[PDB]
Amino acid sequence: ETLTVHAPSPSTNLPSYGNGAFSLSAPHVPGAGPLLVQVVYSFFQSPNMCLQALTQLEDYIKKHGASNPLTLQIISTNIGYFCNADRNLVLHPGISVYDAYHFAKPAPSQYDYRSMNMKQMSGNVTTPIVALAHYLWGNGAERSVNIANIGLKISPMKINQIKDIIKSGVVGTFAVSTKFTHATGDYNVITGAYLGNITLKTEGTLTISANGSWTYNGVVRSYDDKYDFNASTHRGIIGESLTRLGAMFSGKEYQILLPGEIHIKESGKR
């Protein structure tokens, strides 16, 4: 059986992340002196802030029991800070995570999932936690993230069709039009956590010199219309964390749309 976490609402939220006993911050580095805001500000832009918050939730559940009322309230509350941050990210593309997280109005402690949850996730470092939020409270509603927001890094030499042109030894310009699987959790621990392995379509131009130098210019879109958020599609260490949490707490699986397209330009050698 699994335990129900109540949705963040102003009437049930703790006054503070972590009930004010712990917070989301950069790691203490012995010998470095005072923790300064420039270090915190970079920590918050990086994937470690997401993993840190998941790790604090796990520690907490472990130390105090998954079914301890205050544990349930921490999970609800801390997850709430992340949804709130992520809304400010979606609403104000361009701002830093540190700013979206700490200086949003309304206060994070006032986050109301029922009235404020969004269908669109930012795709920034807060997203894996927001996507767990939707598992817990979204009742199966479909969500989305734009393909421009997921930090895709494509290697054209690992796509069979382009790899083959490059290996064949031909010279000049060649059309490419193919599908491929792309394991985002091999290099992006954020995207991987909630999208994992995706399928993509590319079309474009592969230019190769006689010297073995090549550029692929192309457009990339999702091949599947949507992806499942469940225990089995998570990838990477943040995803392992999401799975341990979803196995403990009630929720509903759901799907994620991956609309839009990106333009890539990548280069290499034979």
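Residue numbers here begin at 1 and follow the sequence given.
If you average the CA temperature factors as listed in the entry, which stretch comes out higher, 223 to 231 or 25 to 33? Per the deposited B-factors, the answer is 25 to 33.
Looking only at CA atoms, which has the higher mean B factor in the entry: 182 to 190 or 106 to 114? Going by the record's values, the stretch with the higher mean is 106 to 114.
For the chain shown, is the CA B-factor of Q255 in the lowest, middle or highest third of its modelled residues? According to the entry, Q255 has a C-alpha B-factor in the chain's lowest third.
How does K167 rank on Cα B-factor within its chain, lowest, middle or highest third? It falls in the middle third of the chain.
Based on the entry's values, in what third of the chain does the Cα temperature factor of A66 lie: lowest, middle or highest? Highest third, going by the recorded CA B-factors of the chain.
Ranked by Cα temperature factor within the chain, is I238 in the lowest third, the middle third or the highest third? Its C-alpha B-factor, which the entry lists for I238, ranks in the lowest third among residues of this chain.
Splitting the chain's C-alpha B-factors into thirds, which one does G80 fall into? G80: CA B-factor falls in the lowest third of its chain.
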